[PDB]
Structure formats: C-alpha cells, structure tokens
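Taking it in order: structure first as structure tokens, then the write-up.
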Amino acid sequence: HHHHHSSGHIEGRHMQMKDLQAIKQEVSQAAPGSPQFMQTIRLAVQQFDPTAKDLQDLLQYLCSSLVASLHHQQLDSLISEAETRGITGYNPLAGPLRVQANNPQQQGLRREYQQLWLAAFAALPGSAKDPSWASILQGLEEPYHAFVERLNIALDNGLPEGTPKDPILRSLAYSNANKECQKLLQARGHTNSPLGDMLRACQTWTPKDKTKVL
C-alpha cells in the first residue's frame, strides 16, 4: 500500500456518460411530442454543450435509429448552407467537420453546431408541441356552448397571432361538430355566419314540440 492515494486522474470536459444518463431521465419525464423533451436538450447544450462527437452518440442515445438518419440528413443540409458560405472560420481544406466542432479552438463554429444540431433536433416530425384543438370537436352529448367557449381558450393556448383564430374557431365549432350538430347548423342555415349565431343555434339544439297552448 505505502500511503493511500496515487497519481493519475482524468476528468475531461465534453459531456460524459452520466451526463447523458441524467438527460435520459429528465427526458424520460418529458411527454411524447411536447415542448419538454427538446427543451431539455437545449438545457444540456446550454449546460456543458456537447460537441459533435457527443451529439453523435446523443443522437443514437435518446433519439431513435431512423430519426438519427432523418436528422443526419437535416444537418447535412444545414451544413450545406454553412460550408457553402465558407462558415465563419471553418477549415474546408481539412476535410472533416465534426473535428472542427470538437476542436478546442473553434468557438464560433462549435457554437453554431450546437444550435445547428438542435435545429435538426427540432426539425423532426415530432420534436415539438402540437395543436390540442386539432382534436377538439363538439360531442354528440356535450355543452356546445361551453365547448365553443373552451375551443376559444384551448385555441389561444396554441394559436399564434400569425394564424387566425376567429375563423379557426368557427371551423372547430362547425367543421369539427358532431353529426346532429353539423346537421343543426345546416338545418339552421347560418353556416357562413358569426359565432354569436352558432350559440343561438345550439342554444336550443332541439325540435320544439308543442300543439296549441292551454
């Protein structure tokens, strides 16, 4: 033994395994097709910032196989734009790329790669949020009125100013209305009308039955 402890101790800095393990966790919590997983990625990239190498594994670590490919294709394109522009201070004479991104000298490209990657990572057909109203329709036995109200909310919940809601709403209220509903609106003959009329058409949503009073 002769005294404890001994020379030798490599630490390094480039996102270790345990680092990926932790991510896998915080990610495992994320939801399928929600701004939770991807977000966690930016956290890791903003934490230590995994080089190209790390990204490589991270790709075949969290993401799926196929996805890895699709993504691999994304970058190939992204880079195409970079290399094309000659990139800040890239070395096209060298040949490799990830090498430069893993080079403890290039901070301009290294960073660009971090975002570039996340780009493809967020360019996946299921690496972000989604419209919940995209699956919201008036139930055959639901409070159309209340539904319309919510539809508006649930909408604003995922309705970018860049996109219209006034109509989208009238579309989710009608275009996305049960049968008896769609039949009501039509039978009412007020499709191409305001919502106010829609609530006045469902206000009853029932064939008034009566024969003389008293």
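Within the chain, the proportion of C-alpha pairs whose separation exceeds 26 Å stands at 58%. Within the straight-line cut-off of under 22 Å between alpha carbons, the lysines reachable from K53 are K18, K24, sequence neighbours fewer than 8 places apart in one chain being disregarded. Applying the Karplus relation 6.51 cos²θ - 1.76 cosθ + 1.60 with θ = phi - 60° to the range 67-79 yields 3J(HN,Hα) values of 3, 3, 5, 3, 4, 3, 6, 4, 3, 2, 7, 3, 4 Hz, where x marks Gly and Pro.
As a footprinting exposure proxy, order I79, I41 by other Cβ within 10 Å, with the fewest listed first.
Listed from fewest to most nearby Cβ atoms, that is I79, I41.
Averaging 1/r over each pair of different alpha-carbon atoms in the range 149-214 and inverting the result gives 13.2 Å, the Kirkwood hydrodynamic radius.
Would you calculate a helix-derived [θ] at 222 nm for the chain, using -39,500 (n - 2.57) for each DSSP H run of n ≥ 4 and dividing by the full residue count, to the nearest 500?
-15000 deg cm²/dmol
Which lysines, on any chain, are close to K179 with Cα under 26 Å apart, when same-chain ones fewer than 8 places away are left out? Result set, ordered by chain and number: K165, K208, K210.
Here the Karplus relation 6.51 cos²θ - 1.76 cosθ + 1.60, evaluated at θ = phi - 60°, turns the backbone of the range 24-37 into coupling constants of 3, 5, 2, 7, 3, 6, 3, 9, x, x, 9, x, 10, 5 Hz, with x for every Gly and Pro. Here the contact order of the range 130-214, divided by its residue count and restricted to Cα pairs under 8 Å and six or more residues apart, works out to 31 percent. For the peptides 85-96, 102-113, 169-180, residues were scored by their other Cβ atoms within 10 Å and the scores averaged per peptide; the highest-first order is 169-180, 102-113, 85-96. Among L199, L78, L55, the largest mean-square fluctuation in a Gaussian network model of the chain (Cα springs under 10 Å) belongs to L199. In plain terms, the bigger the Kirkwood radius, the slower the diffusion; for the range 99-191, with that radius from Cα pairs, at 4 °C and 1.567 mPa s, Stokes-Einstein puts D at 79 µm²/s.
Scalar couplings 3J(HN,Hα) for the range 95-110, obtained by applying the Karplus form with A = 6.51, B = -1.76, C = 1.60 to θ = phi - 60°, are x, x, 10, 3, 4, 5, 6, 9, 7, x, 9, 7, 9, x, 6, 3 Hz; x denotes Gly and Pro. Packing around the peptides 185-192, 155-162, 114-121, taken as the average count of other Cβ atoms within 10 Å per residue, puts them in this order, highest first: 114-121, 185-192, 155-162.
Every number here is computed from the coordinates shown, using simple stated rules; none is lab data. Using ideal geometry, Cβ is built from the backbone for each residue, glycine included, and neighbour counts are taken over all protein chains shown.
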